[PDB]
Amino acid sequence: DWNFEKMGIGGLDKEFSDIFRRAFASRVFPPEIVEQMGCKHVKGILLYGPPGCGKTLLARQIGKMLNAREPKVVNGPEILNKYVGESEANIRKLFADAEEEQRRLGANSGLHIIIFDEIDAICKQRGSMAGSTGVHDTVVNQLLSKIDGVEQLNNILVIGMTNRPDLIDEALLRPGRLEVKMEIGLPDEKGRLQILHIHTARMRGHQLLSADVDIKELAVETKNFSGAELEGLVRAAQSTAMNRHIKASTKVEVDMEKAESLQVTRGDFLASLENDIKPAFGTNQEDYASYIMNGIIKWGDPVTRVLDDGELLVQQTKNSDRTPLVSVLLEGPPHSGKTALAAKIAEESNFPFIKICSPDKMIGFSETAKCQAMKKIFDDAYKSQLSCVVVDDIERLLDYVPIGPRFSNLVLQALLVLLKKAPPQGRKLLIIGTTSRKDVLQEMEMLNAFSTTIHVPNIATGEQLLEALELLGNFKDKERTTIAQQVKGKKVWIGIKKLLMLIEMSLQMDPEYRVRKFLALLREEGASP
Amino acid sequence: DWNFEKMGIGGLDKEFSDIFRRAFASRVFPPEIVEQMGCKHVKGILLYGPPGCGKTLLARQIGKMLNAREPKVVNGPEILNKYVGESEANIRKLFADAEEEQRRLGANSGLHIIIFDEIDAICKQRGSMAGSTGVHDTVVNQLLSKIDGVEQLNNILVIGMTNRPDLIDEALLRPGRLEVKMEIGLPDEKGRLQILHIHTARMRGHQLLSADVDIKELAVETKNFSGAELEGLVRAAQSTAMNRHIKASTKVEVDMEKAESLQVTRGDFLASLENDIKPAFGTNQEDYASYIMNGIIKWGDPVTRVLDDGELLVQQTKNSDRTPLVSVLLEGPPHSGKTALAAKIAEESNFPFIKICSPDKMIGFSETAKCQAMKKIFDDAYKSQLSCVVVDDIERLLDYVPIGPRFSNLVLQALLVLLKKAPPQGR
Amino acid sequence: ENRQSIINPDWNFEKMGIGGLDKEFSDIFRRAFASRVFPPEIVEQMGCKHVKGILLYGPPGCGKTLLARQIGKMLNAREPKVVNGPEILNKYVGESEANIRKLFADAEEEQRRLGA
Amino acid sequence: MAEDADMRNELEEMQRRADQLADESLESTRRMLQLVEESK
Ligand SMILES: Nc1ncnc2c1ncn2[C@@H]1O[C@H](COP(=O)(O)OP(=O)(O)OP(=O)(O)O)[C@@H](O)[C@H]1O
Ligand SMILES: Nc1ncnc2c1ncn2[C@@H]1O[C@H](COP(=O)(O)OP(=O)(O)OP(=O)(O)O)[C@@H](O)[C@H]1O
Ligand SMILES: Nc1ncnc2c1ncn2[C@@H]1O[C@H](COP(=O)(O)OP(=O)(O)OP(=O)(O)O)[C@@H](O)[C@H]1O
Ligand SMILES: Nc1ncnc2c1ncn2[C@@H]1O[C@H](COP(=O)(O)OP(=O)(O)OP(=O)(O)O)[C@@H](O)[C@H]1O
Ligand SMILES: Nc1ncnc2c1ncn2[C@@H]1O[C@H](COP(=O)(O)OP(=O)(O)O)[C@@H](O)[C@H]1O
């Protein structure tokens with residue numbers, strides 16, 4: 001009475017199809033032909049992937065699908081003991097019921113499933129430098145000699161799950177021992193829709209779910225959510241809708257009059273999305289609120305030009321096929337506002353994965369740690385169909401100082417190598433970078449890597465300054481006229497950030513001296529290229 | 001017999017309301033409706049914050065609010081053992097009863113509670129090879145496999161407490177494991193008032209508290225106090241009041257005439273508030289007597305200008321929204337009296353968190369230690385609605401020497417990065 | 001049964017054998033142990049815990065241990081458990097904590113057997 | 001510092017004390033006494 005709709009797995013059609021074909025295709029064809037072919041049976045499966053994507057569920061459902069014995073289970077390092085030669089006595093007792101039904105019943109036995117777990121804790125590689133430990137290097141040898149040894153078993157099946165497939169011993173993954181290897185990854189829109197249907201069917205069954213909740217919008221609005229977080233979202237919404245009827249002021253009592261009209265509405269879903277769940281391979285509005293502090297105001301024409309260039313680069317990296325990697329550099333004089341524009345260009349991209357590598361989280365780090373952190377950000381970025389990464393304030397990332405000069409040469413060489421590494425076949429990536437000293441970057445031969453360049457100027461005319469003042473709306477008509485008469489016949493050179501600081505500084509005198517103080521401050525802050 | 005007014009907690013209405021909503025909401029609704037939804041129950045909680053703000057109290061009060069059997073406890077790293085394969089046995093020994101009862105009874109079993117403690121001492125991130133690859137990557141895998149494995153449990157609840165929420169592993173904090181994360185922080189005025197009203201209830205009932213003491217003029221004079229220090233203040237006042245009756249030096253002797261007329265008066269609170277308890281996120285009066293050693297004599301006009309400019313800079317950082325972070329540099333010829341004026345400007349601002357980072361407390365340190373010390377002070381400065389940090393004698397921090405030149409680059413980079421980092425929202 | 005007899009039947013200060021400290025002892029007595037001699041009725045009515053330890057610092061050789069032992073012999077307490085700092089550390093995993101965890105055993109046991 | 005990897009253990013048993021034969025001897029002796037009493 002097995003049926004795929006019963007298992008309750010969504011978003012993993014291809015993986016299961018491949019597993020079924022490879023492993024269970026030779027145990028269902030008529031025996032005579034399978035004998036004529038003269039082929040043995042596969043006896044291994046390995047599953048790996050990032051946390052929370054449906055590995056243990058798959059193993060459990062495979063366990064429940066077979067007409068066989070009750071599968072064993074080994075919860076991590078559960079086969080260790082402190083005596084000599086006891087850590088291997090528990091490794092021989094697992095294969096001790098399958099070796100008895102092969103001698104007696106011959107070739108009519110039944111599958112004996114075994115399910116390891118966190119296999120990377122007792123199956124790490126053996127060293128050839130004579131640096132063994134004992135906890136392994138005698139367990140691994142016994143396991144290897146028991147899965148495939150001098151005498152042959154043909155009625156077993158072994159399943160393994162792990163998060164770090166690098167460390168597993170190599171002699172244990174040849175086509176004789178663990179032949180099938182699968183990676184379980186994040187789903188796309190269809191997978192999320194299927195998961196939401198699977199997790200909402202029961203509620204919908206008993207007219208408990210409201211009529212104005214639509215699942216397609218939620219599927220669209222949850223980007224790069226893993227398998228577990230959708231379940232958590234649904235559970236949080238249910239918990240809120242259930243708590244709406246409980247009073248915990250003095251004693252906890254349930255209102256039975258209103259408890260019959262229980263219903264879950266999309267307001268609960270929106271509140272849960274806003275407050276409770278926070279994904280890992282997505283983005284949250286905190287970053288754009290911490291970097292774009294005071295929004296963006298169009299004080300002139302150049303802003304639109306910069307944004308348009310960003311748009312063109314985004315579209316190119318999204319549609320092309322020859323160039324799956326493009327990068328650009330934003331540069332200009334200091335205090336001109338060139339880190340808000342990069343964040344805005346990235347935010348308007350509408351890519352699924354967005355990150356900001358900034359040297360605010362690396363105070364006190366030695367260069368090794370900086371290299372490793374950058375590598376772990378890029379490695380995380382190599383697991384999505386579209387991405388965007390921002391490298392911020394390069395000059396502070398190399399530890400530069402005009403005297404000497406002095407800097408780090410082990411971090412400048414993990415950047416020149418990481419700007420020319422194409423991602424795994426079939427994906428795209430866009431890298432943006434901001435700096436304030438182009439010439440120094442030009443002496444290090446770092447402008448060859450970047451594909452193009454964009455320029456960000458300062459306010460350079462009285463009309464632009466008055467437009468910015470009107471946009472901010474600080475000084476009123478008479479003060480604006482006075483400032484116009486006092487500044488329209490000159491030239492100005494000042495960044496926007498300094499303008500905000502100067503306005504805030506000058507808003508502290510008494511109401512009859514603010515304009516004079518502002519003009520006095522602005523006069524000293526005057527320079528030229 | 002449980003009602004919130006007797007739990008003995010104050011200043012944590014929102015935290016407890018949210019914890020109750022998320023963790024215990026679905027265990028008290030009628031079973032029929034819950035079964036007509038098919039939902040599991042949340043399996044963990046995490047509490048973190050500065051020292052002494054009410055974490056263990058909350059855990060202890062939760063442990064005895066439920067009708068479960070008595071909770072287990074793990075007093076830090078008490079699961080470690082030297083022999084191979086003996087730590088994981090102690091880890092496996094905790095979930096046994098829950099497994100047995102789940103297997104036998106079914107969907108009628110009662111709750112089983114496990115209360116970890118100082119969880120950061122045994123659960124650090126895996127993969128930090130060459131640091132920990134034995135008895136610290138096989139004591140985390142076992143826990144991961146036991147909390148949520150191939151066998152299903154539905155009758156456990158786990159609680160963890162830690163001062164450093166950055167070290168803990170990542171695969172141990174996803175929906176399906178420890179997933180309700182709260183933060184316990186310093187209280188605002190109402191919190192202090194509630195704590196004081198909680199901690200002086202018995203005394204007022206028996207008429208041992210004078211009618212002179214006011215608990216609304218005492219919540220205004222204690223800024224950036226935490227709960228532990230308010231408790232200690234009350235206890236110090238009680239001790240000072242008690243000892244005032246014992247009149248004996250050679251051999252302990254107890255009077256009885258005035259022992260009946262025992263009372264606590266405002267004088268005791270004033271005497272203990274300024275002489276016994278010293279907060280950790282507050283001002284200190286000794287520094288402004290060790291730096292301003294001979295006062296500020298006014299020898300002309302140039303001395304009444306720096307102070308006015310300091311006043312203007314102080315007033316700007318208090319009534320602004322587009323400039324939460326300010327800075328200023330005082331410079332001049334040597335032997336000109338710079339540190340005294342900075343100390344005076346800091347003193348005359350009335351901020352509730354003033355600290356000085358001087359280089360005579362770092363004699364003999366290396367570069368990394370200096371970085372860590374400055375970072376620690378600044379980190380402490382981010383948990384207070386207002387602050388003022390003084391950084392004097394920069395060239396000594398950098399270790400400048402004209403020959404060469406020679407100095408420290410790492411400290412310079414840390415200092416140049418800490419001068420334009422904004423605090424959390426609203427501070 | 002009132003536990004007001006924590007004070008040893010007979011005690012003088014100067015006779016203890018300590019000379020040179022007269023404000024340290026006064027402040028310690030006031031701030032720490034003023035609640036171990038008052039009759040239990042009032043202490044119970046006011047509902048206050050007791051101080052759970054103190055710290056002593058100074059040069060080496062000025063008589064710190066003597067004062068600790070005298071404090072202990074004042075309150076009819078049991079025999080103190082003298083320990084040394086660098087004598088607790090050990091090289092195997094789980095030994096230093098075992099040494100540190102073996103000092104609070106008798107207190108817990110006697111708390112179990114006779115509460116309060 | 002250098003943390004010791006851990007440790008491993010070895011065992012050496014000792015002879016057991018069944019002390020069960022004496023029970024049979026005592027039962028037999030009691031039967032001796034019964035028969036001896038009857039004969040008289
Ligand atoms: N495709 C899916 N369909 C439905 N539920 C899913 C799916 N993938 C994951 N889940 C949810 O994940 C929960 C448990 O996840 P699972 O056991 O697969 O985690 P894991 O990633 O293998 O574990 P870990 O990261 O802790 O090593 C399941 O109860 C189910 O709710
Ligand atoms: N049109 C604008 N362009 C850029 N920033 C703007 C604009 N209007 C307002 N701002 C605000 O001005 C500030 C720009 O400062 P920003 O953080 O970009 O400095 P920066 O160029 O990185 O300087 P630094 O030289 O210190 O590294 C931000 O608060 C941004 O919100
Ligand atoms: N919010 C509060 N309400 C009432 N009493 C409090 C509160 N916070 C602290 N206290 C009192 O102060 C004591 C502080 O001890 P507590 O167990 O809360 O410390 P903690 O935060 O776990 O400390 P740490 O983790 O730094 O060791 C509490 O036992 C209680 O006596
Ligand atoms: N008007 C004043 N302004 C500043 N300090 C004064 C004034 N009148 C007296 N003093 C005293 O003079 C001393 C000021 O010296 P200070 O400690 O500031 O030296 P400094 O400038 O840091 O020295 P150096 O550069 O040599 O390290 C303090 O004792 C201060 O009390
Ligand atoms: N205040 C004091 N009065 C009399 N003797 C003292 C005093 N302080 C120290 N001593 C002498 O010092 C000795 C003990 O010193 P000790 O307590 O070991 O110093 P520390 O605590 O610094 O190690 C005793 O023999 C005692 O006679």
# chains A, B, ... in the order shown; residues from 1 in each chain; ligands from 1
$ interface_residues --of "chain C" --to "chain B" --cutoff "6 Å" --atoms "only C-alpha atoms" --output "PyMOL selection string"
chain C and resi 11-13+34+46+93-94
$ interface_residues --of "chain B" --to "chain A" --cutoff "8 Å" --atoms "only C-alpha atoms" --output "PyMOL selection string"
chain B and resi 2-5+21-22+25-26+29+36-39+83-86+88+137-138+141-142+145-146+149-150+171+174-176+312+316+320+322-323+368+371-372+375+409-411+413-414+417+421
$ closest_atom_pairs --of "chain B" --to "ligand 3" --cutoff "7 Å" --atoms "only C-alpha atoms and all ligand atoms" --output "JSON lines"
{"residue": "B:8", "atom": "CA", "partner": "ligand 3", "partner_atom_place_in_ligand_line": "4 (C)", "distance": 6.1}
{"residue": "B:9", "atom": "CA", "partner": "ligand 3", "partner_atom_place_in_ligand_line": "3 (N)", "distance": 4.2}
{"residue": "B:10", "atom": "CA", "partner": "ligand 3", "partner_atom_place_in_ligand_line": "3 (N)", "distance": 4.6}
{"residue": "B:11", "atom": "CA", "partner": "ligand 3", "partner_atom_place_in_ligand_line": "1 (N)", "distance": 5.7}
{"residue": "B:12", "atom": "CA", "partner": "ligand 3", "partner_atom_place_in_ligand_line": "1 (N)", "distance": 6.6}
{"residue": "B:50", "atom": "CA", "partner": "ligand 3", "partner_atom_place_in_ligand_line": "26 (O)", "distance": 6.5}
{"residue": "B:51", "atom": "CA", "partner": "ligand 3", "partner_atom_place_in_ligand_line": "26 (O)", "distance": 3.1}
{"residue": "B:52", "atom": "CA", "partner": "ligand 3", "partner_atom_place_in_ligand_line": "21 (O)", "distance": 3.3}
{"residue": "B:53", "atom": "CA", "partner": "ligand 3", "partner_atom_place_in_ligand_line": "21 (O)", "distance": 4.2}
{"residue": "B:54", "atom": "CA", "partner": "ligand 3", "partner_atom_place_in_ligand_line": "18 (O)", "distance": 3.2}
{"residue": "B:55", "atom": "CA", "partner": "ligand 3", "partner_atom_place_in_ligand_line": "22 (O)", "distance": 4.6}
{"residue": "B:56", "atom": "CA", "partner": "ligand 3", "partner_atom_place_in_ligand_line": "17 (O)", "distance": 4.1}
{"residue": "B:57", "atom": "CA", "partner": "ligand 3", "partner_atom_place_in_ligand_line": "18 (O)", "distance": 4.8}
{"residue": "B:163", "atom": "CA", "partner": "ligand 3", "partner_atom_place_in_ligand_line": "25 (O)", "distance": 6.6}
{"residue": "B:195", "atom": "CA", "partner": "ligand 3", "partner_atom_place_in_ligand_line": "3 (N)", "distance": 5.5}
{"residue": "B:226", "atom": "CA", "partner": "ligand 3", "partner_atom_place_in_ligand_line": "8 (N)", "distance": 6.9}
{"residue": "B:227", "atom": "CA", "partner": "ligand 3", "partner_atom_place_in_ligand_line": "9 (C)", "distance": 4.0}
{"residue": "B:228", "atom": "CA", "partner": "ligand 3", "partner_atom_place_in_ligand_line": "12 (O)", "distance": 3.7}
{"residue": "B:231", "atom": "CA", "partner": "ligand 3", "partner_atom_place_in_ligand_line": "11 (C)", "distance": 6.1}
$ residues_near_ligand --ligand "ligand 2" --cutoff "9 Å" --atoms "only C-alpha atoms and all ligand atoms" --output "VMD selection string"
(chain A and resid 291 to 300 303 332 to 342 392 to 393 434 to 436 468 495 to 500) or (chain B and resid 322 420)
$ write_last_selection --atoms "N, CA, C and O atoms" --output "compact mmCIF listing (two decimals), in the first residue's frame"
# COMPACT_ATOMS: atom_id res chain seq x y z
N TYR A 291 22.89 51.00 6.39
CA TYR A 291 23.79 51.63 5.43
C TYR A 291 23.15 52.81 4.70
O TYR A 291 23.82 53.83 4.49
N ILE A 292 21.89 52.70 4.30
CA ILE A 292 21.15 53.85 3.75
C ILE A 292 20.45 54.51 4.93
O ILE A 292 19.28 54.26 5.23
N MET A 293 21.19 55.38 5.62
CA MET A 293 20.67 55.98 6.84
C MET A 293 19.59 57.02 6.56
O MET A 293 18.54 57.03 7.22
N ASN A 294 19.81 57.90 5.58
CA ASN A 294 18.94 59.04 5.33
C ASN A 294 18.42 59.03 3.90
O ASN A 294 18.22 60.08 3.28
N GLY A 295 18.17 57.84 3.35
CA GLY A 295 17.62 57.77 2.01
C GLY A 295 18.52 58.44 0.98
O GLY A 295 19.65 58.85 1.25
N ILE A 296 17.98 58.55 -0.23
CA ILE A 296 18.67 59.15 -1.36
C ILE A 296 17.78 60.23 -1.95
O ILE A 296 16.61 59.98 -2.26
N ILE A 297 18.33 61.44 -2.11
CA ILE A 297 17.62 62.59 -2.65
C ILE A 297 18.32 63.03 -3.93
O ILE A 297 19.55 63.11 -3.97
N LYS A 298 17.54 63.31 -4.97
CA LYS A 298 18.07 63.65 -6.29
C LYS A 298 18.43 65.13 -6.30
O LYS A 298 17.61 65.99 -6.63
N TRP A 299 19.67 65.44 -5.93
CA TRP A 299 20.13 66.82 -5.90
C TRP A 299 20.63 67.30 -7.26
O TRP A 299 20.97 68.48 -7.39
N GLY A 300 20.67 66.43 -8.26
CA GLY A 300 21.14 66.84 -9.57
C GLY A 300 20.99 65.71 -10.57
O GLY A 300 20.29 64.72 -10.33
N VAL A 303 23.24 61.72 -10.31
CA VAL A 303 22.71 60.60 -9.54
C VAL A 303 22.01 59.62 -10.47
O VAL A 303 22.21 58.40 -10.40
N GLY A 332 35.67 57.96 -6.08
CA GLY A 332 35.50 59.39 -6.05
C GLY A 332 36.20 59.98 -4.84
O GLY A 332 36.86 59.28 -4.08
N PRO A 333 36.06 61.29 -4.65
CA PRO A 333 36.67 61.93 -3.48
C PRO A 333 35.92 61.57 -2.21
O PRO A 333 34.76 61.13 -2.26
N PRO A 334 36.55 61.73 -1.05
CA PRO A 334 35.91 61.30 0.20
C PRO A 334 34.73 62.18 0.59
O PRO A 334 34.63 63.34 0.18
N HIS A 335 33.82 61.60 1.37
CA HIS A 335 32.63 62.25 1.89
C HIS A 335 31.61 62.55 0.79
O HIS A 335 30.72 63.39 0.99
N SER A 336 31.70 61.88 -0.35
CA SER A 336 30.82 62.14 -1.48
C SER A 336 29.65 61.17 -1.57
O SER A 336 28.83 61.29 -2.49
N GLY A 337 29.54 60.22 -0.64
CA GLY A 337 28.39 59.34 -0.62
C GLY A 337 28.42 58.24 -1.66
O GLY A 337 27.57 58.21 -2.55
N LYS A 338 29.41 57.35 -1.58
CA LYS A 338 29.59 56.29 -2.56
C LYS A 338 29.43 54.90 -1.98
O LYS A 338 29.79 53.92 -2.65
N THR A 339 28.90 54.77 -0.76
CA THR A 339 28.54 53.48 -0.20
C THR A 339 27.03 53.30 -0.09
O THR A 339 26.57 52.16 0.00
N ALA A 340 26.26 54.39 -0.10
CA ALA A 340 24.81 54.28 -0.20
C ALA A 340 24.39 53.92 -1.61
O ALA A 340 23.43 53.16 -1.80
N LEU A 341 25.09 54.45 -2.62
CA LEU A 341 24.72 54.17 -4.00
C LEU A 341 24.96 52.71 -4.36
O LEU A 341 24.15 52.11 -5.07
N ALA A 342 26.06 52.13 -3.88
CA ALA A 342 26.30 50.71 -4.13
C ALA A 342 25.21 49.86 -3.50
O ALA A 342 24.69 48.93 -4.13
N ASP A 392 33.44 46.48 0.31
CA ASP A 392 33.29 47.86 0.75
C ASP A 392 34.60 48.39 1.33
O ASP A 392 35.26 47.70 2.11
N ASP A 393 34.95 49.61 0.95
CA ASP A 393 36.09 50.33 1.51
C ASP A 393 37.36 49.47 1.45
O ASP A 393 37.92 49.05 2.46
N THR A 434 33.92 49.63 -3.82
CA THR A 434 34.00 51.07 -3.59
C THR A 434 35.31 51.43 -2.92
O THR A 434 35.73 50.79 -1.95
N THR A 435 35.96 52.47 -3.44
CA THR A 435 37.23 52.96 -2.90
C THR A 435 37.32 54.46 -3.14
O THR A 435 36.62 55.02 -3.98
N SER A 436 38.21 55.10 -2.39
CA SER A 436 38.39 56.55 -2.46
C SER A 436 39.78 56.96 -2.95
O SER A 436 40.01 58.16 -3.14
N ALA A 468 19.68 71.17 -3.08
CA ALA A 468 19.81 70.26 -1.95
C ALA A 468 19.21 70.85 -0.68
O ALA A 468 18.51 70.16 0.07
N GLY A 495 31.06 67.67 -0.31
CA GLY A 495 30.27 66.45 -0.33
C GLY A 495 28.96 66.59 0.44
O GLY A 495 28.75 67.51 1.22
N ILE A 496 28.07 65.62 0.20
CA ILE A 496 26.73 65.66 0.78
C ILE A 496 26.78 65.39 2.28
O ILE A 496 26.09 66.05 3.07
N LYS A 497 27.57 64.40 2.70
CA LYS A 497 27.65 64.04 4.11
C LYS A 497 28.13 65.22 4.94
O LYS A 497 27.57 65.53 6.00
N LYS A 498 29.18 65.90 4.47
CA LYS A 498 29.65 67.10 5.15
C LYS A 498 28.57 68.17 5.17
O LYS A 498 28.49 68.95 6.13
N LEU A 499 27.74 68.24 4.13
CA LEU A 499 26.65 69.21 4.12
C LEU A 499 25.67 68.93 5.24
O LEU A 499 25.23 69.85 5.95
N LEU A 500 25.30 67.66 5.42
CA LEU A 500 24.40 67.30 6.52
C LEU A 500 25.03 67.67 7.86
O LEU A 500 24.36 68.25 8.73
N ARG B 322 19.84 62.96 12.74
CA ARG B 322 20.66 62.68 11.57
C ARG B 322 22.15 62.70 11.91
O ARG B 322 22.99 62.80 11.00
N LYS B 420 33.87 55.62 13.06
CA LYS B 420 32.72 55.90 12.20
C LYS B 420 31.76 54.71 12.16
O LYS B 420 31.08 54.50 11.15
$ residues_near_ligand --ligand "ligand 4" --cutoff "12 Å" --atoms "only C-alpha atoms and all ligand atoms" --output "NGL selection string"
:B and (288-307 or 330-345 or 358-360 or 391-396)
$ select_by_dssp --residues "segment 13-112 of chain C" --states "alpha helix (DSSP H)" --output "ChimeraX atom specification"
/C:23-31,40-46,64-74,96-100,105-112
$ interface_residues --of "chain D" --to "chain C" --cutoff "12 Å" --atoms "only C-alpha atoms" --output "ChimeraX atom specification"
/D:1-7
$ write_last_selection --atoms "N, CA and C atoms" --output "CSV table (one decimal), in the first residue's frame"
chain,number,residue,atom,x,y,z
D,1,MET,N,47.6,25.3,25.1
D,1,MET,CA,48.5,24.2,25.7
D,1,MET,C,48.3,22.9,25.0
D,2,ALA,N,49.0,21.9,25.5
D,2,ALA,CA,48.8,20.5,24.9
D,2,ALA,C,47.8,19.8,25.8
D,3,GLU,N,46.6,19.5,25.2
D,3,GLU,CA,45.6,18.7,25.9
D,3,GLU,C,45.8,17.2,25.6
D,4,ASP,N,45.9,16.4,26.6
D,4,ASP,CA,46.1,15.0,26.4
D,4,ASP,C,44.9,14.4,25.6
D,5,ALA,N,45.2,13.6,24.6
D,5,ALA,CA,44.1,13.1,23.7
D,5,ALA,C,43.0,12.5,24.5
D,6,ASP,N,43.3,11.6,25.4
D,6,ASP,CA,42.4,11.0,26.4
D,6,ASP,C,43.1,9.8,27.1
D,7,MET,N,42.7,8.6,26.9
D,7,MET,CA,43.4,7.5,27.6
D,7,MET,C,42.7,6.2,27.1
$ residues_around --residues "segment 98-112 of chain C" --least-positions-apart "3" --cutoff "9 Å" --atoms "only C-alpha atoms" --output "NGL selection string"
(:B and (78)) or (:C and (81 or 88-89 or 94-95 or 115-116))
$ closest_residue --among "C:69, C:78, C:36, C:30" --to "ligand 5" --atoms "only C-alpha atoms and all ligand atoms"
C:69
$ residues_around --residues "residue 142 of chain A" --least-positions-apart "6" --cutoff "8 Å" --atoms "only C-alpha atoms" --output "PDB file with N, CA, C and O atoms, in the first residue's frame"
ATOM      1  N   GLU A  88      35.273  -2.079  18.205  1.00  0.00           N
ATOM      2  CA  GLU A  88      35.012  -2.855  17.000  1.00  0.00           C
ATOM      3  C   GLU A  88      34.050  -4.010  17.228  1.00  0.00           C
ATOM      4  O   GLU A  88      33.527  -4.558  16.253  1.00  0.00           O
ATOM      5  N   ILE A  91      30.870  -2.873  15.949  1.00  0.00           N
ATOM      6  CA  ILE A  91      30.837  -2.732  14.498  1.00  0.00           C
ATOM      7  C   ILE A  91      30.631  -4.072  13.798  1.00  0.00           C
ATOM      8  O   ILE A  91      30.196  -4.094  12.638  1.00  0.00           O
ATOM      9  N   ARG A  92      30.911  -5.188  14.472  1.00  0.00           N
ATOM     10  CA  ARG A  92      30.662  -6.507  13.910  1.00  0.00           C
ATOM     11  C   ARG A  92      29.284  -7.046  14.263  1.00  0.00           C
ATOM     12  O   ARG A  92      28.821  -7.990  13.616  1.00  0.00           O
TER      13      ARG A  92
END
$ closest_residue --among "B:40, B:192, B:27, B:72" --to "ligand 1" --atoms "only C-alpha atoms and all ligand atoms"
B:40
$ residues_near_ligand --ligand "ligand 5" --cutoff "9 Å" --atoms "only C-alpha atoms and all ligand atoms" --output "PDB file with C-alpha atoms, in the first residue's frame"
ATOM      1  CA  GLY C  17      45.690  37.430  68.533  1.00  0.00           C
ATOM      2  CA  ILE C  18      45.370  40.094  65.804  1.00  0.00           C
ATOM      3  CA  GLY C  19      46.788  43.587  66.193  1.00  0.00           C
ATOM      4  CA  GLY C  20      46.974  46.455  63.717  1.00  0.00           C
ATOM      5  CA  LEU C  21      43.534  46.166  62.079  1.00  0.00           C
ATOM      6  CA  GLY C  58      47.338  43.429  49.997  1.00  0.00           C
ATOM      7  CA  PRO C  59      51.074  42.756  50.229  1.00  0.00           C
ATOM      8  CA  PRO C  60      52.437  39.303  51.024  1.00  0.00           C
ATOM      9  CA  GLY C  61      53.054  38.739  54.775  1.00  0.00           C
ATOM     10  CA  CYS C  62      50.596  41.131  56.447  1.00  0.00           C
ATOM     11  CA  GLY C  63      48.360  38.491  58.051  1.00  0.00           C
ATOM     12  CA  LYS C  64      45.492  37.597  55.715  1.00  0.00           C
ATOM     13  CA  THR C  65      45.077  33.879  56.469  1.00  0.00           C
ATOM     14  CA  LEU C  66      45.063  34.587  60.212  1.00  0.00           C
ATOM     15  CA  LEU C  67      42.043  36.865  59.820  1.00  0.00           C
ATOM     16  CA  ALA C  68      40.215  34.281  57.701  1.00  0.00           C
TER      17      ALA C  68
END
$ residues_around --residues "residue 390 of chain A" --least-positions-apart "5" --cutoff "8 Å" --atoms "only C-alpha atoms" --output "count of residues only"
8
$ atom_distance --atom1 "atom CA of residue 26 of chain D" --atom2 "atom CA of residue 38 of chain D"
18.7 Å
$ closest_atom_pairs --of "chain D" --to "chain A" --cutoff "7 Å" --atoms "only C-alpha atoms" --output "Markdown table"
| residue | atom | partner | partner_atom | distance |
| --- | --- | --- | --- | --- |
| D:8 | CA | A:82 | CA | 5.8 |
| D:9 | CA | A:83 | CA | 5.3 |
| D:10 | CA | A:83 | CA | 6.4 |
$ decode --residues "segment 1-14 of chain D" --atoms "C-alpha atoms" --output "short mmCIF file (atom, residue, chain, number, x, y, z; two decimals), in the first residue's frame"
data_model
loop_
_atom_site.label_atom_id
_atom_site.label_comp_id
_atom_site.auth_asym_id
_atom_site.auth_seq_id
_atom_site.Cartn_x
_atom_site.Cartn_y
_atom_site.Cartn_z
CA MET D 1 48.52 24.25 25.67
CA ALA D 2 48.82 20.52 24.93
CA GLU D 3 45.63 18.70 25.93
CA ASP D 4 46.09 14.97 26.38
CA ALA D 5 44.14 13.11 23.70
CA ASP D 6 42.40 10.98 26.37
CA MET D 7 43.35 7.46 27.56
CA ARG D 8 42.70 3.76 27.06
CA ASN D 9 42.34 0.98 29.61
CA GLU D 10 43.36 -2.65 30.14
CA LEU D 11 41.83 -5.27 32.42
CA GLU D 12 42.99 -8.16 34.63
CA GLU D 13 40.31 -10.28 36.30
CA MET D 14 40.41 -12.46 39.43
#
